[PDB]
Amino acid sequence: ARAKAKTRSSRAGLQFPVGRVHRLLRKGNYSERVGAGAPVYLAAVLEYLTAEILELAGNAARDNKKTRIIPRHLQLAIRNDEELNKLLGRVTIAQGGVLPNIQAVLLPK
Amino acid sequence: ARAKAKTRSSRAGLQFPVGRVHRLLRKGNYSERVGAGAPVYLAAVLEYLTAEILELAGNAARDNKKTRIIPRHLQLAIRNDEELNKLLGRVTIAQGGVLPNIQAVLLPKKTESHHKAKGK
Amino acid sequence: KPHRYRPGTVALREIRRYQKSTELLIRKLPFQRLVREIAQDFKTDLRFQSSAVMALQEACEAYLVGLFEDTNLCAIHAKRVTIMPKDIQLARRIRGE
Amino acid sequence: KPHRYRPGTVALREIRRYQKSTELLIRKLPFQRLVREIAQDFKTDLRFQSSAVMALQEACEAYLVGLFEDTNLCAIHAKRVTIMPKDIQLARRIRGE
Amino acid sequence: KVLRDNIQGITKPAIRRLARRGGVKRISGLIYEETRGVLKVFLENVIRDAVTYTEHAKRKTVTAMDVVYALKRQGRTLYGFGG
Amino acid sequence: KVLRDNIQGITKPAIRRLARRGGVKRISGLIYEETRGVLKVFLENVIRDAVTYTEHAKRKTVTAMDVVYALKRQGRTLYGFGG
Amino acid sequence: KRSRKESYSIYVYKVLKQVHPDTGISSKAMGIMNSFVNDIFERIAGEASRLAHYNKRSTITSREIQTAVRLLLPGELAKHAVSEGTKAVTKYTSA
Amino acid sequence: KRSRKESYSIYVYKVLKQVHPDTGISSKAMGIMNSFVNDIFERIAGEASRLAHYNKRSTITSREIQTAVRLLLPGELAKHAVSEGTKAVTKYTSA
Amino acid sequence: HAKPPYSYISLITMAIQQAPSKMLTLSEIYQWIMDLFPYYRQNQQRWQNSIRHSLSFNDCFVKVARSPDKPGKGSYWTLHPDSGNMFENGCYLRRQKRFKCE
DNA sequence: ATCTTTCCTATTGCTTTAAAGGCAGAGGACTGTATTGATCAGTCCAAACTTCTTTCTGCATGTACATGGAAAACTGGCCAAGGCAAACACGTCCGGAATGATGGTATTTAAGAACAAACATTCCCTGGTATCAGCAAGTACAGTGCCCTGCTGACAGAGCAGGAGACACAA
DNA sequence: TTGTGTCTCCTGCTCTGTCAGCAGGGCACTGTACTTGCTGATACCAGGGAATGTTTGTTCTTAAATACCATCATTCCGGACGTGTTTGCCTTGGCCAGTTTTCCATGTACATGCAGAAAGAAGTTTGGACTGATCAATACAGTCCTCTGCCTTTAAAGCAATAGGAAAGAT
C-alpha cells in the first residue's frame with residue numbers, strides 16, 4: 001500500500017513550502033519544465049533571507065523595548081545592515097520612516 | 001486543392017514578419033497561448049517604431065551629408081527627440097556619442113575691458 | 001521678557017521629532033482630493049479604493065522625503081544650509097528625471 | 001614672444017572635439033589588461049572574446065561620461081568650474097551608487 | 001462633483017514637515033511652488049499607469065494592486081499594500 | 001602570466017579626455033584617483049556577473065553576450081553587440 | 001553545419017527603403033537596430049505577460065499588446081503606435 | 001467567504017519563532033514580509049528563466065537557482081544563501 | 001591765428017546747438033572746431049583733453065548713445081534742457097552762475 | 001558660571017485593539033507508474049583565441065612658467081525663523097444608496113495539435129560607390145596691442161564783484 | 001575852502017584752462033585650429049544563385065473567453081461637532097550674496113622615450129555538432145492532510161497624567 005506521505009519541506013528540513021514554490025514556478029511561465037531540486041533550493045534561500053531579516057528586526061524591536069516587530073523595526077534592520085540595504089535599495093517600506101540622520105554642519109556651534 | 005499561400009505579413013500589409021513574431025512569442029514562455037491578432041499588432045508597432053527612428057536617423061544623416069545611417073545618426077535622432085530619448089533613456093549605443101552641449105556658465109567671459117592676461 | 005529660541009534650534013528639534021516618527025505628514029483629505037482631481041483627466045467617474053489612496057500617499061511622501069534628502073545634500077554642497085529651487089532642480093536632473 | 005592660449009580656451013576646444021567624435025578614449029590594451037586582471041579574482045585561466053572586451057570598454061566609457069557630466073553639473077552648482085572629488089562623491093551618492 | 005484647484009491643498013506646513021524628515025534645517029520661500037510642481041508631475045505619472053491597468057481589466061475601481069504595479073513598473077517598489 | 005598593477009593603465013590624459021566629453025572644463029588634481037577607484041568598482045561589479053554567466057554556461061570563454069546580459073542586469077542596456 | 005543566425009536585418013532594410021529610398025545603413029547600425037527591435041519586443045512581451053498574469057489571462061491577445069504599448073511608450077508614440085497596430089489588425093481581419 | 005488568498009504568513013512566523021522564540025510580529029509588518037518574499041521569489045525566478053533561455057535549456061534546475069542567487073544577493077549574503085541552498089538540496093537528495 | 005575769444009563751454013554749446021540733430025560725438029566736435037578755427041588745427045592733445053575734461057565735469061552736457069549702430073564708435077553729447085542761454089550776450093569766456101542740477 | 005524656562009524622556013494606570021490560538025474543510029500537495037523528451041558522455045574539428053616577434057610612430061610622462069579660479073575675510077540687508085491669535089478645515093463617526101466586482105451557467109468562438117507542401121530566409125559569390133587617408137585652400141575665432149573716450153583730483157590763472165583811496169560835487 | 005558821494009585800483013571769491021593720472025570700452029592685426037574641397041584607394045554594402053527549416057493551409061477539438069443574471073460589499077456622498085492645524089502678522093537675527101585680496105594649483109606648451117597597435121605567424125584551446133545512452137520530468141489517477149477563513153481570548157501598545165532630568169538662552 002501507499003506509504004506515509006511526507007512533505008518535501010520535511011525532507012529538505014526547511015520551514016518554507018517546497019510544494020507551493022514548485023507550483024508557483026510552474027504556473028509562472030518561467031520555463032517549460034522545472035527541476036526537482038530547484039524548488040527546494042529556492043525555498044531554502046527564501047527561508048534564509050527571511051530568517052536574516054527577522055533576526056535583525058527582532059534585535060531592533062528589543063532595542064526599542066517592543067516585543068512585536070513593526071514596519072519601523074523592519075526599516076531599521078534593513079537600513080542599518082549594509083548588505084540588506086544594498087539588496088532593498090529601491091524598495092519603499094510602508095510606515096517605515098527614515099533612519100535618524102542630521103548632517104554635521106547643521107548642528108549648533 | 002489547397003489555395004495559394006499568402007504570408008500574414010502580406011495580409012496585414014506590414015513589412016515585419018508576423019510569423020516570426022508569433023514564434024518568438026510562443027517560444028519565450030510569455031504566456032501559455034498567443035492570440036492570432038497579437039503577432040499582427042506587435043509587428044505593426046515594431047515596424048512603426050523602426051520607421052520613426054529610421055526617418056529621424058535619415059534626417060540626421062542628410063544633415064551630416066552622409067547617405068548611410070551609422071550609429072552616430074541613431075544616437076542623434078534618439079537624443080534630439082524628447083519621446084525617443086525618454087523611451088531609450090537608460091540605453092547605451094555602441095560607437096555613438098553625446099549631444100553637443102556645453103553649459104553656458106563655462107563659456108568664456110566677453111569682458112568689455114579686454115587687455116593682456118594678468119593676475120586676478 | 002518672553003522666552004525665544006534662537007533661529008535654527010526649533011528646526012533641529014523638529015528634524016529630530018519627525019525623523020523619529022512614522023506617521024504621514026500630509027493631510028489625508030486634501031491629498032485624496034488632489035488624487036481625484038488628477039485622475040479625472042484620464043477617465044471620468046473613476047472609483048477608488050481607500051488602500052489605493054493610502055498607497056499613493058505613501059509613495060508620494062517617500063519620494064518627496066528622498067528628494068529633500070538629496071536637496072539638502074545639494075544645498076550643503078554649495079556651502080549653504082538653506083534649500084532653494086535650484087537644489088531640487090539639480091537633484092532631479094542628476095537623479096535622471 | 002611665443003604664442004600661448006589663455007587657460008580655458010584649450011579646454012573648451014577639447015570639449016568641442018570630444019563631444020563631436022565617437023572614438024574610444026581609453027587605450028585598448030591597458031584596459032584589456034585591467035579586465036583580465038580583475039577577472040582573475042573570480043575565476044582563473046579565463047579567455048575573453050574580442051567583442052566581450054569591446055563591450056566592456058564601451059559600457060565603462062559611457063558610464064564615466066555620464067558620471068563626469070553629473071560631476072560638472074555639481075561643480076557648476078557650487079559656483080565653481082573645477083571638478084573635485086566632492087563633486088564625484090555627491091553625484092554618485094544622489095544616483096544611489 | 002468636479003474638482004478644480006486642490007494642488008494648493010499641499011500646504012506650506014506639510015512641505016515643511018516633509019523637508020524636516022529629510023534633514024532640512026532652513027527652507028527658502030520659493031521651495032513650496034517647486035515642490036507642488038514636482039509632486040503633481042509624480043502623481044500624474046503614477047496615476048496614468050494605475051488608470052491604464054484599471055482600464056485593461058475593464059474595471060472602474062483603481063485598486064491598491066494597480067497602484068503597486070504602476071509604482072513597481074517605474075522602479076519605486078512598495079511593500080505593504082502588495083497583497 | 002599574473003597581472004598586478006594595471007589600474008594605472010587608466011592614464012591621466014585618458015581621464016581628462018573622458019571628462020572633456022562630459023563638458024568638463026577644469027579638472028582638479030585629485031580627480032584621477034577617485035575616477036580610478038570608481039572605474040575599478042564598476043568593472044568589478046560588471047565582470048563578476050559576466051564571469052557568473054560564463055560559469056553557469058560551463059564555458060571558459062567570456063563572450064559578448066555574457067557582458068551584455070551582465071550590463072542589462074544592472075540597468076545599463078547596451079546596443080550593438082548582439083543583445 | 002553551423003546553426004542559422006536569424007535577425008530582423010532584411011525587414012529593417014525594407015522599412016528603411018520605404019521611408020528613405022536613397023539612404024543606406026551600415027552593418028553596425030543594422031546591428032544596433034536589431035538589438036533595439038529585440039529590446040522593444042522583450043519589453044512589450046514581458047509587460048503583456050505581466051498584464052495577463054495580473055488578470056489571470058492565459059492568452060496574450062492584441063489587447064494586452066495595446067495596453068503594454070500604452071504603458072511603455074511615452075506621449076505621441078503611445079498614440080501613433082496604437083493607431084498603427086489597430087489599423088494593421090483591422091486590415092488583417094478584413095482578409 | 002471570498003476566494004482563498006495565499007501568503008507566507010505562517011512560514012515567516014515559523015522562521016520568527018526559530019530565530020526569536022519570544023517575539024511576535026504585526027499584520028502590517030507581516031504583509032511587508034510577504035511582499036519581500038514575493039519580490040525575492042520573482043527576482044530569482046526571472047533570473048533563472050533568463051539563464052535557462054540564454055543557454056537554450058528547457059528546464060530550471062537547482063543550478064539555475066544557484067546562479068540566480070549568486071547574481072542577485074550581494075556579498076556574504078549570497079554565499080550564505082548558497083550554502084543553505086546546497087545543504088537543503090543535499091538533505092533532500094538523501095530522501 | 002590768435003586764440004578765439006570763446007570758452008570751451010561756449011564752444012561746446014555752439015557745436016551742440018548748430019548741429020542739425022542737436023548732438024555730436026567727440027570726433028565730430030573736434031572736426032567742427034578745427035574747421036571753424038584753424039588755430040585749433042594744431043596742438044590737438046591739449047584742447048582735446050580739455051574738452052573731454054569739460055564734458056566730464058560740467059553738468060550742462062549729457063551723453064547720448066547711437067541707436068542703429070551708425071558709423072559707430074564714440075558717444076553723442078547733448079545740452080541739458082535746463083542749461084538755457086548761459087553763454088549768450090557776450091559772456092563767452094565766463095558763464096555767470098554756472099548751471100547745476102540742484 | 002549660575003539661574004530661568006522649555007522641552008524631552010520615563011513611570012504608572014487604564015483601555016482598546018490587534019495578534020495568538022482553536023476548529024473546519026477543501027483544494028492542492030504527495031505517491032506510484034509509464035512515457036518521453038530532455039540532458040549527459042564521448043569524439044572531432046575548425047575557428048576562435050592566446051602567445052610571441054617586430055615596427056613605428058603617436059601617445060603619456062616629465063618639466064617649467066604663470067594665470068586666474070578657489071578660498072578666506074568682511075559687511076550688510078533682507079530673507080526666513082520664532083511666536084501669537086483667529087479662523088477654518090481637517091479629523092472622526094454615522095448613515096443612505098448606488099455602484100460594480102465577483103460568482104455561476106450556457107455557449108460560442110478562437111487557438112493548440114498534427115501533417116504536408118512550399119516558400120521565405122540564411123549563406124555564399126560578384127560590381128561600384130560611399131567612405132577613409134592625405135594635402136591643401138579658406139574661414140573662424142582668440143590674443144592682445146593699441147587707440148579713443150570718461151572721470152578725479154589737484155594745480156594754475158584769468159573774470160567780475162566788493163571795499164578803500166583819490167577825485168570831484170555840493171555848499 | 002570843508003564835508004561827502006562816486007570813480008578807479010586793488011583784492012577776493014568764482015569760474016575756467018591745464019595737467020597728470022587711472023579706468024572702461026572698442027578696433028584691427030597676428031596666429032593657430034577647424035572645415036571644406038580634391039584625388040586616390042579600399043573596403044564594404046547591395047544584387048544574384050543554392051540550401052534548409054519554418055511558415056501556411058486544412059481539420060479536429062477543447063478550453064478560454066463572452067454574455068446574461070444575481071448578489072453583496074464597498075465606495076461615494078452628505079451631515080455634524082471638536083479641536084488641531086493653518087494663515088496672516090510682527091520682530092529680529094544670522095545667513096546669503098556681493099566685494100576684495102592672496103597665492104597656489106591648476107592649465108598650456110615643449111622635450112623625450114616607450115609601449116600600443118597592427119600585421120603576421122604558430123600553438124593551442126574549446127564551443128558546438130553529432131551520436132547514442134540514460135535519467136529525470138510530465139501525465140494521470142487516487143487520496144489525505146496542510147493551509148486559509150472564521151471566530152474567540154488576552155496582552156502589547158496607545159493614551160492620559162504626572163514627575164524628573166537635559167538643555168537652550170540670558171545675565
# chains A, B, ... in the order shown; residues from 1 in each chain; ligands from 1
>>> residues_around(residues="residue 157 of chain K", least_positions_apart="2", cutoff="12 Å", atoms="only C-alpha atoms (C1' of nucleotides)", output="VMD selection string")
(chain A and resid 65 to 70) or (chain H and resid 26) or (chain J and resid 15 to 19) or (chain K and resid 155 159)
>>> closest_atom_pairs(of="chain B", to="chain H", cutoff="12 Å", atoms="only C-alpha atoms", output="CSV")
residue,atom,partner,partner_atom,distance
B:24,CA,H:53,CA,12.0
B:27,CA,H:53,CA,9.5
B:28,CA,H:53,CA,7.9
B:29,CA,H:49,CA,9.2
B:30,CA,H:49,CA,10.9
>>> residues_around(residues="residue 33 of chain C", least_positions_apart="6", cutoff="12 Å", atoms="only C-alpha atoms (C1' of nucleotides)", output="PyMOL selection string")
(chain C and resi 27+39-40+48+53+57) or (chain E and resi 1-10)
>>> calpha_fit_rmsd(fixed="chain H", moving="chain G")
0.6 Å
>>> calpha_fit_and_write(fixed="chain F", moving="chain E", output="compact mmCIF listing (two decimals) with N, CA, C and O atoms, in the first residue's frame")
# COMPACT_ATOMS: atom_id res chain seq x y z
N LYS E 1 52.50 36.23 -17.18
CA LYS E 1 51.24 35.48 -16.96
C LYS E 1 50.29 36.28 -16.07
O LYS E 1 49.30 36.83 -16.54
N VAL E 2 50.61 36.34 -14.77
CA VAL E 2 49.76 37.07 -13.84
C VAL E 2 49.95 38.57 -14.02
O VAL E 2 51.00 39.03 -14.49
N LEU E 3 48.93 39.33 -13.65
CA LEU E 3 48.91 40.78 -13.80
C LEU E 3 48.70 41.42 -12.43
O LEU E 3 47.92 40.94 -11.61
N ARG E 4 49.41 42.53 -12.20
CA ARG E 4 49.54 43.07 -10.85
C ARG E 4 48.88 44.44 -10.66
O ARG E 4 47.99 44.58 -9.82
N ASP E 5 49.30 45.44 -11.43
CA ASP E 5 49.00 46.84 -11.12
C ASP E 5 48.59 47.62 -12.37
O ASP E 5 49.11 48.69 -12.67
N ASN E 6 47.65 47.08 -13.15
CA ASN E 6 47.24 47.72 -14.39
C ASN E 6 46.20 48.83 -14.20
O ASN E 6 45.81 49.46 -15.18
N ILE E 7 45.75 49.08 -12.97
CA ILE E 7 44.79 50.16 -12.76
C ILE E 7 45.41 51.50 -13.14
O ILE E 7 44.70 52.42 -13.56
N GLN E 8 46.72 51.64 -13.00
CA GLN E 8 47.41 52.85 -13.42
C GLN E 8 47.46 53.00 -14.93
O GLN E 8 47.89 54.06 -15.42
N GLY E 9 47.06 51.98 -15.69
CA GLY E 9 46.99 52.10 -17.13
C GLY E 9 45.92 53.04 -17.64
O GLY E 9 45.96 53.43 -18.80
N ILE E 10 44.96 53.40 -16.78
CA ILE E 10 43.98 54.42 -17.13
C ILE E 10 44.63 55.76 -16.83
O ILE E 10 44.47 56.32 -15.74
N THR E 11 45.38 56.28 -17.80
CA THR E 11 46.30 57.37 -17.55
C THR E 11 45.54 58.67 -17.28
O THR E 11 44.32 58.75 -17.42
N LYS E 12 46.30 59.69 -16.88
CA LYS E 12 45.72 61.01 -16.68
C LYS E 12 45.13 61.59 -17.96
O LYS E 12 44.02 62.15 -17.90
N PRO E 13 45.80 61.53 -19.11
CA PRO E 13 45.16 62.02 -20.34
C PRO E 13 43.85 61.33 -20.66
O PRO E 13 42.93 61.98 -21.17
N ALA E 14 43.72 60.03 -20.39
CA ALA E 14 42.47 59.34 -20.68
C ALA E 14 41.33 59.89 -19.83
O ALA E 14 40.23 60.15 -20.34
N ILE E 15 41.58 60.09 -18.54
CA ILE E 15 40.55 60.65 -17.67
C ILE E 15 40.23 62.08 -18.09
O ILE E 15 39.07 62.51 -18.04
N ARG E 16 41.25 62.84 -18.51
CA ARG E 16 40.99 64.19 -19.00
C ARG E 16 40.08 64.17 -20.21
O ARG E 16 39.15 64.96 -20.32
N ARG E 17 40.34 63.26 -21.15
CA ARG E 17 39.51 63.17 -22.35
C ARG E 17 38.08 62.79 -21.99
O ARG E 17 37.12 63.36 -22.53
N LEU E 18 37.91 61.83 -21.08
CA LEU E 18 36.57 61.45 -20.65
C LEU E 18 35.85 62.64 -20.02
O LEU E 18 34.66 62.86 -20.26
N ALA E 19 36.57 63.42 -19.21
CA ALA E 19 35.96 64.60 -18.61
C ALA E 19 35.60 65.64 -19.66
O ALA E 19 34.59 66.33 -19.54
N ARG E 20 36.43 65.77 -20.70
CA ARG E 20 36.14 66.72 -21.77
C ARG E 20 34.87 66.32 -22.51
O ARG E 20 34.04 67.18 -22.83
N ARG E 21 34.70 65.03 -22.78
CA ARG E 21 33.48 64.59 -23.45
C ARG E 21 32.25 64.90 -22.61
O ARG E 21 31.15 65.10 -23.15
N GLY E 22 32.40 64.93 -21.30
CA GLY E 22 31.30 65.27 -20.41
C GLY E 22 31.06 66.74 -20.22
O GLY E 22 30.16 67.11 -19.46
N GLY E 23 31.83 67.60 -20.88
CA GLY E 23 31.66 69.03 -20.72
C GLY E 23 32.41 69.64 -19.56
O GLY E 23 32.03 70.71 -19.09
N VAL E 24 33.47 68.99 -19.09
CA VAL E 24 34.26 69.51 -17.98
C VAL E 24 35.32 70.45 -18.52
O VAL E 24 36.04 70.11 -19.47
N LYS E 25 35.43 71.64 -17.92
CA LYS E 25 36.40 72.63 -18.38
C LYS E 25 37.69 72.54 -17.58
O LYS E 25 38.79 72.53 -18.16
N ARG E 26 37.59 72.49 -16.25
CA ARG E 26 38.74 72.47 -15.36
C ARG E 26 38.65 71.24 -14.48
O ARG E 26 37.57 70.92 -13.97
N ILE E 27 39.77 70.54 -14.31
CA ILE E 27 39.82 69.26 -13.61
C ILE E 27 40.82 69.40 -12.47
O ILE E 27 41.96 69.81 -12.68
N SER E 28 40.38 69.04 -11.26
CA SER E 28 41.28 69.07 -10.12
C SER E 28 42.32 67.97 -10.24
O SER E 28 42.23 67.09 -11.10
N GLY E 29 43.34 68.04 -9.38
CA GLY E 29 44.41 67.07 -9.42
C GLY E 29 44.08 65.74 -8.77
O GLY E 29 44.66 64.72 -9.13
N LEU E 30 43.15 65.74 -7.82
CA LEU E 30 42.75 64.53 -7.13
C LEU E 30 41.66 63.75 -7.84
O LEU E 30 41.28 62.67 -7.37
N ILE E 31 41.14 64.27 -8.96
CA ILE E 31 40.06 63.58 -9.67
C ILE E 31 40.53 62.24 -10.19
O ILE E 31 39.74 61.30 -10.32
N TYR E 32 41.82 62.12 -10.53
CA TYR E 32 42.27 60.94 -11.25
C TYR E 32 42.18 59.68 -10.39
O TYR E 32 41.71 58.63 -10.84
N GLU E 33 42.62 59.77 -9.13
CA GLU E 33 42.54 58.61 -8.25
C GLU E 33 41.09 58.22 -7.99
O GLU E 33 40.74 57.03 -7.99
N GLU E 34 40.22 59.22 -7.78
CA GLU E 34 38.81 58.94 -7.55
C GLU E 34 38.19 58.26 -8.77
O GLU E 34 37.42 57.30 -8.63
N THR E 35 38.51 58.74 -9.96
CA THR E 35 37.97 58.14 -11.18
C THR E 35 38.46 56.71 -11.34
O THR E 35 37.70 55.83 -11.75
N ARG E 36 39.74 56.47 -11.03
CA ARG E 36 40.25 55.11 -11.12
C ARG E 36 39.54 54.19 -10.14
O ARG E 36 39.19 53.05 -10.49
N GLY E 37 39.28 54.66 -8.92
CA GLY E 37 38.55 53.84 -7.97
C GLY E 37 37.14 53.53 -8.44
O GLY E 37 36.69 52.38 -8.36
N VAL E 38 36.44 54.54 -8.94
CA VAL E 38 35.06 54.33 -9.40
C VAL E 38 35.03 53.37 -10.57
O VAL E 38 34.19 52.46 -10.65
N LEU E 39 35.96 53.54 -11.51
CA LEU E 39 36.02 52.65 -12.67
C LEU E 39 36.32 51.22 -12.24
O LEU E 39 35.75 50.27 -12.78
N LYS E 40 37.24 51.05 -11.28
CA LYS E 40 37.55 49.70 -10.81
C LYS E 40 36.34 49.05 -10.16
O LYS E 40 36.06 47.87 -10.40
N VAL E 41 35.59 49.81 -9.35
CA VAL E 41 34.39 49.25 -8.73
C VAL E 41 33.39 48.83 -9.79
O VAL E 41 32.81 47.74 -9.73
N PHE E 42 33.15 49.69 -10.78
CA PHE E 42 32.18 49.37 -11.83
C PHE E 42 32.61 48.14 -12.61
O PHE E 42 31.80 47.25 -12.90
N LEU E 43 33.90 48.06 -12.96
CA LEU E 43 34.39 46.92 -13.71
C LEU E 43 34.26 45.64 -12.91
O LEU E 43 33.91 44.59 -13.47
N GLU E 44 34.55 45.68 -11.61
CA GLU E 44 34.38 44.49 -10.79
C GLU E 44 32.92 44.06 -10.76
O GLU E 44 32.61 42.88 -10.93
N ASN E 45 32.01 45.01 -10.58
CA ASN E 45 30.60 44.65 -10.48
C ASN E 45 30.07 44.08 -11.79
O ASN E 45 29.17 43.24 -11.78
N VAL E 46 30.61 44.52 -12.93
CA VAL E 46 30.16 43.96 -14.20
C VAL E 46 30.81 42.61 -14.47
O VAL E 46 30.15 41.66 -14.91
N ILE E 47 32.12 42.48 -14.21
CA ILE E 47 32.82 41.26 -14.54
C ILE E 47 32.40 40.12 -13.62
O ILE E 47 32.46 38.96 -14.02
N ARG E 48 31.98 40.42 -12.40
CA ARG E 48 31.48 39.36 -11.53
C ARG E 48 30.28 38.66 -12.17
O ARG E 48 30.25 37.43 -12.28
N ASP E 49 29.30 39.44 -12.63
CA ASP E 49 28.12 38.85 -13.25
C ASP E 49 28.47 38.21 -14.59
O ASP E 49 27.92 37.15 -14.93
N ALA E 50 29.37 38.82 -15.36
CA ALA E 50 29.78 38.19 -16.61
C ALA E 50 30.41 36.82 -16.37
O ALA E 50 30.08 35.85 -17.05
N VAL E 51 31.29 36.73 -15.37
CA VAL E 51 31.94 35.46 -15.06
C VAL E 51 30.92 34.47 -14.52
O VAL E 51 31.03 33.26 -14.76
N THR E 52 29.94 34.95 -13.75
CA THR E 52 28.90 34.05 -13.26
C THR E 52 28.12 33.44 -14.41
O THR E 52 27.90 32.22 -14.45
N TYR E 53 27.70 34.27 -15.37
CA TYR E 53 26.99 33.75 -16.53
C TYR E 53 27.87 32.79 -17.32
O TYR E 53 27.39 31.79 -17.85
N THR E 54 29.17 33.08 -17.41
CA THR E 54 30.08 32.18 -18.12
C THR E 54 30.19 30.84 -17.40
O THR E 54 30.19 29.78 -18.05
N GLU E 55 30.29 30.86 -16.07
CA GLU E 55 30.39 29.62 -15.31
C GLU E 55 29.13 28.78 -15.48
O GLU E 55 29.22 27.56 -15.67
N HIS E 56 27.96 29.41 -15.40
CA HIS E 56 26.72 28.64 -15.45
C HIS E 56 26.58 27.90 -16.78
O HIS E 56 26.00 26.82 -16.83
N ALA E 57 27.10 28.48 -17.86
CA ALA E 57 27.08 27.79 -19.14
C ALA E 57 28.17 26.73 -19.26
O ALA E 57 28.25 26.07 -20.30
N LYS E 58 29.01 26.56 -18.24
CA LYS E 58 30.12 25.62 -18.25
C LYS E 58 31.14 25.96 -19.34
O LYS E 58 31.85 25.07 -19.82
N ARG E 59 31.21 27.23 -19.73
CA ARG E 59 32.21 27.71 -20.67
C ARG E 59 33.33 28.41 -19.92
O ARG E 59 33.17 28.85 -18.78
N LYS E 60 34.49 28.50 -20.58
CA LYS E 60 35.63 29.23 -20.06
C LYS E 60 35.94 30.50 -20.84
O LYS E 60 36.95 31.15 -20.56
N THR E 61 35.09 30.87 -21.80
CA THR E 61 35.27 32.09 -22.58
C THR E 61 34.14 33.06 -22.24
O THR E 61 32.96 32.71 -22.36
N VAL E 62 34.51 34.27 -21.82
CA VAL E 62 33.53 35.30 -21.51
C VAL E 62 33.12 35.97 -22.82
O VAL E 62 33.82 36.84 -23.32
N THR E 63 31.99 35.55 -23.37
CA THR E 63 31.53 36.05 -24.65
C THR E 63 30.87 37.41 -24.50
O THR E 63 30.62 37.89 -23.39
N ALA E 64 30.58 38.04 -25.64
CA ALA E 64 29.97 39.37 -25.63
C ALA E 64 28.59 39.34 -24.99
O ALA E 64 28.24 40.23 -24.20
N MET E 65 27.79 38.32 -25.31
CA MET E 65 26.44 38.25 -24.76
C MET E 65 26.46 38.14 -23.25
O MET E 65 25.54 38.62 -22.58
N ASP E 66 27.49 37.51 -22.68
CA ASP E 66 27.61 37.47 -21.23
C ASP E 66 27.73 38.88 -20.65
O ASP E 66 27.05 39.22 -19.68
N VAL E 67 28.57 39.71 -21.26
CA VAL E 67 28.72 41.09 -20.81
C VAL E 67 27.42 41.85 -20.99
O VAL E 67 27.02 42.65 -20.14
N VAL E 68 26.73 41.62 -22.12
CA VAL E 68 25.49 42.33 -22.38
C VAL E 68 24.44 41.98 -21.33
O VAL E 68 23.73 42.86 -20.83
N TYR E 69 24.31 40.69 -21.00
CA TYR E 69 23.36 40.29 -19.98
C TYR E 69 23.75 40.85 -18.62
O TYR E 69 22.88 41.28 -17.85
N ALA E 70 25.04 40.85 -18.30
CA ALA E 70 25.48 41.41 -17.02
C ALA E 70 25.13 42.89 -16.93
O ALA E 70 24.69 43.36 -15.88
N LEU E 71 25.32 43.63 -18.01
CA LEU E 71 24.98 45.05 -18.02
C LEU E 71 23.48 45.26 -17.91
O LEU E 71 23.01 46.04 -17.08
N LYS E 72 22.70 44.55 -18.73
CA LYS E 72 21.26 44.73 -18.73
C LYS E 72 20.66 44.34 -17.39
O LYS E 72 19.62 44.89 -16.99
N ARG E 73 21.28 43.41 -16.68
CA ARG E 73 20.81 43.06 -15.35
C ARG E 73 20.96 44.22 -14.38
O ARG E 73 20.20 44.32 -13.41
N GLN E 74 21.91 45.11 -14.63
CA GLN E 74 22.19 46.24 -13.76
C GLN E 74 21.53 47.54 -14.23
O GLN E 74 21.85 48.60 -13.70
N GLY E 75 20.62 47.47 -15.19
CA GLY E 75 19.98 48.67 -15.69
C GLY E 75 20.89 49.56 -16.50
O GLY E 75 20.79 50.78 -16.42
N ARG E 76 21.79 48.96 -17.28
CA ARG E 76 22.70 49.71 -18.15
C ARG E 76 22.73 49.07 -19.53
O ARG E 76 23.81 48.77 -20.04
N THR E 77 21.55 48.85 -20.11
CA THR E 77 21.43 48.14 -21.37
C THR E 77 22.35 48.72 -22.43
O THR E 77 22.56 49.93 -22.49
N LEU E 78 22.91 47.85 -23.27
CA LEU E 78 23.86 48.21 -24.30
C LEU E 78 23.38 47.68 -25.64
O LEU E 78 23.13 46.47 -25.77
N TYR E 79 23.27 48.56 -26.63
CA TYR E 79 22.94 48.16 -27.99
C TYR E 79 24.21 48.09 -28.82
O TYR E 79 25.12 48.90 -28.65
N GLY E 80 24.26 47.11 -29.73
CA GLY E 80 25.34 47.01 -30.68
C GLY E 80 26.06 45.67 -30.65
O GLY E 80 26.42 45.13 -31.70
N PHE E 81 26.26 45.13 -29.45
CA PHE E 81 26.91 43.83 -29.29
C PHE E 81 25.92 42.71 -28.99
O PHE E 81 26.32 41.54 -29.03
N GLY E 82 24.66 43.03 -28.70
CA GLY E 82 23.71 42.03 -28.27
C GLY E 82 23.12 41.20 -29.39
O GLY E 82 21.90 41.06 -29.49
N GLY E 83 23.98 40.65 -30.24
CA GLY E 83 23.53 39.84 -31.36
C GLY E 83 24.67 39.36 -32.23
O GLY E 83 24.84 39.81 -33.36
>>> residues_around(residues="residue 56 of chain I", least_positions_apart="4", cutoff="8 Å", atoms="only C-alpha atoms (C1' of nucleotides)", output="ChimeraX atom specification")
/I:52 /J:150-151
>>> write_last_selection(atoms="N, CA, C and O atoms (P, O5', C5', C4', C3', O3' and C1' of nucleotides)", output="short mmCIF file (atom, residue, chain, number, x, y, z; two decimals), in the first residue's frame")
data_model
loop_
_atom_site.label_atom_id
_atom_site.label_comp_id
_atom_site.auth_asym_id
_atom_site.auth_seq_id
_atom_site.Cartn_x
_atom_site.Cartn_y
_atom_site.Cartn_z
N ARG I 52 37.43 116.95 -23.24
CA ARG I 52 37.00 115.76 -22.52
C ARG I 52 36.76 116.06 -21.04
O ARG I 52 35.75 115.64 -20.46
P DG J 150 32.87 110.08 -24.46
"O5'" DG J 150 32.78 109.59 -22.94
"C5'" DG J 150 33.96 109.39 -22.19
"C4'" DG J 150 33.66 108.93 -20.78
"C3'" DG J 150 33.25 110.03 -19.81
"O3'" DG J 150 32.38 109.53 -18.80
"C1'" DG J 150 35.44 109.23 -19.27
P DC J 151 31.71 110.53 -17.74
"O5'" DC J 151 32.78 110.60 -16.55
"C5'" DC J 151 33.13 109.41 -15.86
"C4'" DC J 151 34.31 109.64 -14.92
"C3'" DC J 151 34.19 110.87 -14.01
"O3'" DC J 151 34.21 110.46 -12.64
"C1'" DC J 151 36.35 110.73 -14.99
#
>>> residues_around(residues="segment 67-70 of chain G", least_positions_apart="3", cutoff="8 Å", atoms="only C-alpha atoms (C1' of nucleotides)", output="ChimeraX atom specification")
/E:52-53,56 /G:44-45,47-48,51,63-64,73-74,78-79,81-82
>>> residues_around(residues="residue 33 of chain H", least_positions_apart="2", cutoff="10 Å", atoms="only C-alpha atoms (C1' of nucleotides)", output="PyMOL selection string")
(chain A and resi 50+53-54+71+74) or (chain E and resi 79-80) or (chain H and resi 7-9+12-13+27-31+35-39)
